[PDB]
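K.L.:
Sequence, then structure. It's an experimental one.
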Amino acid sequence: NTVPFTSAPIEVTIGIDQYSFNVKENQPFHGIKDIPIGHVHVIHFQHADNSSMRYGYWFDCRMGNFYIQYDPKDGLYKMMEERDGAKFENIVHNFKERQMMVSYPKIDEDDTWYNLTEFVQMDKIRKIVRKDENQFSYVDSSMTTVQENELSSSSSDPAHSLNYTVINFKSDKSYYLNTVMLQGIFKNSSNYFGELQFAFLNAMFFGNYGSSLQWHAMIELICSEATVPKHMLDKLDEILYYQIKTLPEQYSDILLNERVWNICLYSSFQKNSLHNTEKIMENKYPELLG
C-alpha cells in the first residue's frame with residue numbers, strides 16, 4: 001500500500017517502522033510508496049528544532065486509506081483517513097507525484113519488523129491508546145501511563161494516558177491478582193506478548209519512559225517465576241532476543257533495567273530458559289553477571 005503526504009512545510013525527520021529519514025523545510029515530498037502489506041505499521045516524526053519529543057501514528061493499511069497532512073495550528077503532522085476511496089487512488093496512482101515518494105526497502109530475507117510486531121494488533125493498541133474516533137492511534141514521547149499518573153499527585157485523562165496493564169510487586173486485596181494473570185498467560189498469551197512488544201516499541205523509538213518501565217514490569221512478571229511452561233519460554237526468549245538485538249551496542253542505563261535482568265538469570269538456569277537472550281546479552285553488554 002501507500003501513505004501519501006500533502007506537503008512538507010517544516011523540516012522533520014520522517015520515519016516508518018524501524019527505518020527513518022529526514023525531509024527538508026520546503027522540500028518536494030508527496031509520501032511513502034511501496035509499503036509492504038503488513039498487520040501493524042507506525043510512522044513517526046522528529047522536528048529539527050525539538051530533538052526530544054517524537055510523535056507517531058500506529059495504523060494498518062488493510063483497514064483504510066491513510067494520508068499525512070500538516071496542521072498549521074498544532075504545528076504537527078497529522079494522519080487522517082480518506083473515506084472517499086475514488087479520490088484517494090487518483091491522488092496516489094497519479095504518475096507525476098510518485099517520483100516525489102520514497103520507496104520502502106524490500107525486506108527480503110530480513111524479518112526484523114515482523115519479529116518485533118508478531119503479536120501486536122490494532123484492536124489491542126486501540127484498547128491501550130484510548131481513542132475510538134479514529135482507526136489509527138497517536139502516541140507521543142511525552143505521554144504518561146495510567147499507572148504513572150495515579151502515582152503522581154497530579155492526574156491525566158485516560159485518553160492521553162497509555163493504559164498499559166498495571167503490574168505491582170509488593171510484600172490484603174489485589175494479591176490474588178497476579179496469580180490469575182500468570183495462569184491466564186500460560187495459555188493463549190497473545191495479549192501478553194502483544195503488550196510486551198508494543199510497550200517495548202514505544203519505549204525504543206518514541207523514547208517513552210513509561211513504556212520503558214512497563215516493558216520491565218512485564219519482563220519481571222515472568223522472570224519472577226522459578227518454573228514457567230516451556231512453550232512460553234521458547235517464544236519469550238526469541239521475542240526478547242530480537243528486541244535486545246535492536247538496542248544500541250553501548251550500555252543504556254535507562255532503557256534496560258539491571259535489577260530486573262539479574263532475576264531473569266536466576267529464573268533461566270534450567271535450559272537456560274532464555275538461552276538466545278542471554279547469548280546476545282553477553283556479546284553486546286560485557287557487564288557483571290548475577
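P.N.:
Thanks, I have the structure now. Numbers count the residues shown, from 1 in each chain.

K.L.:
would you list every one of the strands in the stretch 1-150 of the chain?
P.N.:
With strands called from DSSP state E, counting those that start in this stretch, the stretch 1-150 of the chain shows them at 3-4, 12-16, 19-23, 31-33, 41-47, 55-59, 66-71, 76-81, 101-103, 137-140.

K.L.:
Switch the ones you listed over to CSV; also include mean neighbour count.
P.N.:
Where C-beta positions appear, they are placed from N, C-alpha and C, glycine not excepted. Shown next, in CSV, are these (neighbours: other Cβ atoms under 10 Å):
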stretch, mean neighbour count
strand 3-4, 22
strand 12-16, 19
strand 19-23, 14
strand 31-33, 20
strand 41-47, 22
strand 55-59, 22
strand 66-71, 17
strand 76-81, 17
strand 101-103, 15
strand 137-140, 19
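
K.L.:
Let's have these in a markdown table, adding distance to residue 162.
P.N.:
Shown next, in a markdown table, are those (distance: least, Cβ to Cβ, whole Å):
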| stretch | distance to residue 162 |
| --- | --- |
| strand 3-4 | 24 |
| strand 12-16 | 20 |
| strand 19-23 | 22 |
| strand 31-33 | 26 |
| strand 41-47 | 14 |
| strand 55-59 | 12 |
| strand 66-71 | 22 |
| strand 76-81 | 18 |
| strand 101-103 | 30 |
| strand 137-140 | 7 |
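
K.L.:
In space, what's closest to the residue nearest to the spatial centre of the chain - neighbours in sequence excluded?
P.N.:
Nearest to the geometric centre of the chain sits residue 201, at 2.5 Å (Cα atoms, centre = their mean). Among residues not flanking residue 201 along the chain, residue 116 sits closest, at 6.6 Å (Cβ to Cβ, 6 or more residues apart in numbering).

K.L.:
Count the neighbours of that neighbour for me.
P.N.:
Using other Cβ atoms under 10 Å, residue 116 has 22 neighbouring residues.

K.L.:
Check residue 87 too.
P.N.:
Quick note: residue 87 (other Cβ under 10 Å) scores 11 neighbours.

K.L.:
Next: the one 5 residues further on.
P.N.:
Taking other Cβ under 10 Å as the criterion, the count of residues near residue 92 is 20.

K.L.:
Tell me the spacing between residue 112 and residue 190.
P.N.:
Distance of residue 112 to residue 190, given as Cβ to Cβ, to the nearest Å: 21 Å.

K.L.:
go on, residue 19?
P.N.:
Distance, residue 19 to residue 190, using Cβ to Cβ: 26 Å.

K.L.:
and what of residue 262?
P.N.:
In terms of Cβ to Cβ, residue 262 sits 28 Å off from residue 190.

K.L.:
And residue 78, by the same measure?
P.N.:
Residue 78 sits 31 Å away from residue 190, going by Cβ to Cβ.

K.L.:
same question, residue 134
P.N.:
For residue 134, the distance to residue 190 - Cβ to Cβ - is 23 Å.

K.L.:
now do residue 36
P.N.:
Relative to residue 190, residue 36 is positioned 22 Å away (Cβ to Cβ).

K.L.:
sorry, back to before: quick check, the residue nearest to the centre of the chain in a strand?
P.N.:
No. Using DSSP: H, G, I helix; E, B strand; the rest coil, the secondary structure at residue 201 is helix, not a strand.

K.L.:
burial count for residue 152?
P.N.:
Going by other Cβ under 10 Å, the residues that sit close to residue 152 add up to 10.

K.L.:
Next, the contact list for the closest residue to it other than its chain neighbours, please.
P.N.:
Sequence neighbours aside, residue 144 is the residue nearest to residue 152 in space, at 7.8 Å (criterion: Cβ to Cβ, 6+ apart). For residue 144, the contact set (Cβ atoms under 8 Å, 6 or more residues apart in numbering) comprises 152, 156, 160-162, 210.

K.L.:
now those: which count as buried?
P.N.:
Using 16 or more other Cβ atoms under 10 Å as the burial test, the contacts of residue 144 include 156, 161-162, 210 as buried.

K.L.:
of these, closest to residue 266?
P.N.:
Nearest to residue 266 among the buried ones among the contacts of residue 144 is residue 210, at 26.5 Å by Cβ to Cβ.
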